[PDB]
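J.: A structural model of the following input is requested.
(one chain, ligands or ions: 6)
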Amino acid sequence: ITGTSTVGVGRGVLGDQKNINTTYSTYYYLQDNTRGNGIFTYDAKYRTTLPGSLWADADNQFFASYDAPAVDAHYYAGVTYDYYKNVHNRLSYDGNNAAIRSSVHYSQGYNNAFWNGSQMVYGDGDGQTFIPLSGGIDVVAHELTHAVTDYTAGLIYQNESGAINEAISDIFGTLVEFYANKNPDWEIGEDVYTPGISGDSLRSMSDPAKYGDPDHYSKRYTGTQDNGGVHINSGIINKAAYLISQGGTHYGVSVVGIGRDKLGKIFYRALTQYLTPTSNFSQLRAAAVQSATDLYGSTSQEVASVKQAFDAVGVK
Ligand SMILES: O=C(O)C[C@H](NC(=O)OCc1ccccc1)C(=O)O
Ligand SMILES: [Ca+2]
Ligand SMILES: [Ca+2]
Ligand SMILES: [Ca+2]
Ligand SMILES: [Ca+2]
Ligand SMILES: [Zn+2]
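T.: Numbering: from 1, shown residues only. Ligands and ions are numbered 1, 2, ... in the order given. What follows is the structure:
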């Protein structure tokens with residue numbers, strides 16, 4: 001809508017206070033005009049019809065518990081935009097500042113979030129498995145990264161290409177979590193998963209097997225569930241990414257870490273220059289080695305660490 005840019009205040013899912021960019025026109029709307037063609041947040045009103053109605057508020061204060069998931073979806077989309085812009089010189093998910101849209105309060109007791117090809121969508125969770133999913137910055141960033149992937153490599157959501165697609169979203173979700181410096185870790189979804197249980201998460205990048213995901217290519221899932229295990233075999237790549245950044249010894253193979261910033265640069269280049277819709281794990285390795293070579297030279301420590309990491313998880 002057309003109106004005046006202003007700034008409101010609210011409380012997120014975890015009870016933290018934050019400022020959010022809104023637009024004034026009779027009502028205050030969750031519309032951020034400061035980033036690209038805008039960030040727009042919608043109320044799906046417990047239904048499944050999308051996008052719902054652009055979020056309207058009477059006083060520019062968002063402290064109702066109903067408001068919380070909207071606050072976080074709106075705010076964290078903003079942070080994710082900033083990350084891609086400031087760190088990788090990318091303007092929104094399409095590279096041309098496309099408007100970013102999210103709907104919250106999707107369905108009832110819905111334990112999921114997704115990119116539907118056009119926008120992000122967040123359930124409120126059932127209160128046991130999940131609380132509202134936009135409360136996790138690694139969740140929001142994971143979802144927006146699916147959009148980035150769809151506009152660049154276009155990795156098919158199936159088998160090995162799909163697992164790469166998933167890992168890319170976990171990797172960048174995590175890098176965005178570190179960027180915002182919000183209790184960063186190498187775990188996925190910890191802030192919104194099982195509110196009754198401390199210290200757990202949905203997935204782990206540092207140790208995927210902790211939650212039954214493979215940390216080695218020999219342990220990959222070869223069945224048909226989960227589109228050929230896209231959320232399972234991603235563990236293999238997640239572990240490789242963890243090793244490149246942090247270093248360590250895995251199945252007897254030692255890796256010197258090169259840190260988060262270089263990890264991000266290598267994988268962003270691979271994603272945007274070398275991966276294709278049908279890339280498999282072995283092609284990912286090649287893309288990553290070539291990217292590091294491009295950036296740091298073929299005899300660099302960087303190239304060496306990328307090679308050691310993929311060796312450690314058994315990807316040749
Ligand atoms: O399969 C899909 O496309 C939807 C799936 N969504 C999903 O797993 O929602 C929960 C969640 C998301 C990110 C991080 C932690 C938890 C996905 O995005 O991978
Ligand atoms: Ca209000
Ligand atoms: Ca965290
Ligand atoms: Ca995390
Ligand atoms: Ca928990
Ligand atoms: Zn995903």
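J.: For ligand 5, give me its nearest residue in the chain.
T.: Ligand 5 sits closest to residue 194 of the chain, with a gap of 3.4 Å, by CB to the ion. Placement of C-beta: from N, CA and C, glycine included.
J.: Verify the stated contact: that residue with residue 131.
T.: No. Residue 194 sits out of contact with residue 131 when judged by CB atoms under 8 Å, with a separation of 9.1 Å.
J.: one step back: show the contacting residues for the spatially closest residue to the residue of the chain closest to ligand 5 that is not a sequence neighbour.
T.: Of all residues not flanking residue 194 in the chain, residue 200 sits nearest, at 5.8 Å (CB to CB, 6 or more residues apart in numbering). Contacts for residue 200 (CB atoms under 8 Å, 6 or more residues apart in numbering) come out as 190, 193-194.
J.: Okay, and residue 200 sits in which element?
T.: Using DSSP states H and E, no element contains residue 200; it sits outside every helix and strand.
J.: related to what we said a few turns ago, who has more neighbours out of residue 194 and residue 131?
T.: residue 131 (21 against 17; other CB atoms under 10 Å).
J.: which residues does the more buried one contact?
T.: Contacts of residue 131 by CB under 8 Å, 6+ apart are 13, 124-125, 192, 195.
J.: Next: residue 304.
T.: Neighbouring residues of residue 304 by CB under 8 Å, 6+ apart: residue 256.
J.: again, but for the one 10 residues further on
T.: Taking CB under 8 Å, 6+ apart as the contact definition, residue 314 lies against 216-218, 236, 251.
J.: if you look at these, which of them are in helices?
T.: Among the contacts of residue 314, the members falling in helices (DSSP state H) are residue 236.
J.: nearest spatial neighbour of residue 163, skipping sequence neighbours?
T.: residue 233 (4.0 Å).
J.: Give me the neighbour count for the one you found.
T.: Residue 233, neighbours per other CB under 10 Å, totals 27.
J.: That one reaches residue 220, doesn't it?
T.: Yes. Under the criterion of CB under 8 Å, residue 233 makes contact with residue 220 at 5.0 Å.
J.: what sits in contact with each of those two?
T.: Listed as contacting both residue 233 and residue 220 by CB under 8 Å, 6+ apart are residue 214.
J.: From residue 235, how far out is the residue nearest to residue 194?
T.: 16 Å (CB to CB, to the nearest Å).
J.: what's the answer for residue 87, then?
T.: From residue 87 to residue 235 the distance is 25 Å (CB to CB).
J.: quick one: which of these two has more around it?
T.: For residue 87 and residue 235, the more surrounded residue by other CB under 10 Å is residue 235, and the numbers stand at 31 against 15.
J.: didn't the more buried one look like it was pressed against residue 209?
T.: Yes. In this structure, residue 235 is within contact of residue 209 by CB under 8 Å, at 7.4 Å.
J.: for this protein, what spans make up the helices?
T.: 68-88, 137-151, 159-179, 225-229, 234-246, 260-269, 281-296, 301-312.
J.: Which of those helices sits closest to ligand 1?
T.: helix 137-151 (4.0 Å; CB to the nearest ligand atom).
J.: Can the closest one be said to contact ligand 1?
T.: Yes. Counting by CB under 6 Å from any ligand atom, ligand 1 has neighbours in helix 137-151: 139, 142-143.
J.: Who wins on neighbours among those?
T.: Neighbour counts for those peak at residue 139, which has 29 neighbours (criterion: other CB under 10 Å).
J.: so what's that residue up against?
T.: 113, 122, 133, 173, 189, 191-192.
J.: Spit out the contact partners of the closest residue to it other than its chain neighbours.
T.: Spatial nearest neighbour of residue 139, excluding adjacent residues (CB to CB, 6+ apart): residue 133 at 5.2 Å. The contact partners of residue 133, by CB under 8 Å, 6+ apart, come to 69, 111-113, 122-125, 139, 192.
J.: Around ligand 2, which positions in the stretch 51-200 of the chain sit nearby?
T.: Residues of the stretch 51-200 of the chain lying close to ligand 2 (CB under 5 Å from the ion) are 57, 59, 61.
J.: rerun that using 6 Å as the cut-off
T.: 57-59, 61-62 (CB under 6 Å from the ion).
J.: Put the buried members of these into a ChimeraX selection.
T.: Buried residues among these (16 or more other CB atoms under 10 Å), as a ChimeraX selection:
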select :57,62
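J.: Filter the residues of the stretch 51-200 of the chain next to ligand 2 down to just the ones in strands.
T.: Those of those mapping onto strands are 57, 61-62, per DSSP state E.
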